[PDB]
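Have a look at the structure below, then the notes.
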């Protein structure tokens, strides 16, 4: 009855007190407890109102985290966000924080390590491997070209 919505609110705050969660993560965590859509929606809106669920904030902190702790570029950061239930629109707004100059600087750092790793290759084969590595990590062609121009300066 009314103890349904109650159990729902309780599990939600347990799940959130620890880590940050996307709306969808909570939206289908209430289902892990067999709570109807009639009630999940009531719980979710209330949580959003109390700012306990906030996808813009989720996406922004994720982006800051990856910028600071990973070697991943915008494209991979975005698909990670999509895999968590973040709207494309919200992910895109959040990715605005990963400025070109910041991407290039992280890319130059990775490129420098790889240059040393492939130090025996020809300049051409060397850059191909580096561009390839940066592409699989999520950086765009233009960003990679700027990284390559930067690396040669070095």
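Reconstructed Cβ throughout: ideal geometry from the backbone, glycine too, with neighbour counts over all protein chains shown. Since every read-out is calculated from the coordinates, none of them should be taken as a lab result.
Just a few scattered comments:
- Efficiency of FRET from Cβ geometry, residue 87 and residue 122, R₀ 30 Å, rounded to 0.05: 0.10
- Fully extended contour minus Cα-Cα distance, from residue 52 to residue 69, at 0.36 nm per residue: 3.6 nm
- Cα pair distances in the range 35-154, grouped into 10 Å bins until the bin that holds the longest one, percent each: 13, 36, 24, 14, 8, 4, 0
- Estimated FRET transfer efficiency when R0 is 41 angstrom, pair residue 141-residue 17 (beta carbons, to 0.05): 0.45
- Between residue 109 and residue 97, the simple label model (points 7 Å from Cα in the Cβ direction) yields a spacing of 1.6 nm.
- Cα convex hull volume per residue for the range 1-53 (Å³): 66
- In this rough spin-label picture, where each label sits 7 Å from Cα along the Cβ direction, the residue 2-residue 129 distance is 6.9 nm.
- Residue exposure proxy: 134, 52, 1, 47, ordered by other Cβ atoms within 10 angstrom of their Cβ from fewest to most, comes out as 1, 52, 47, 134.
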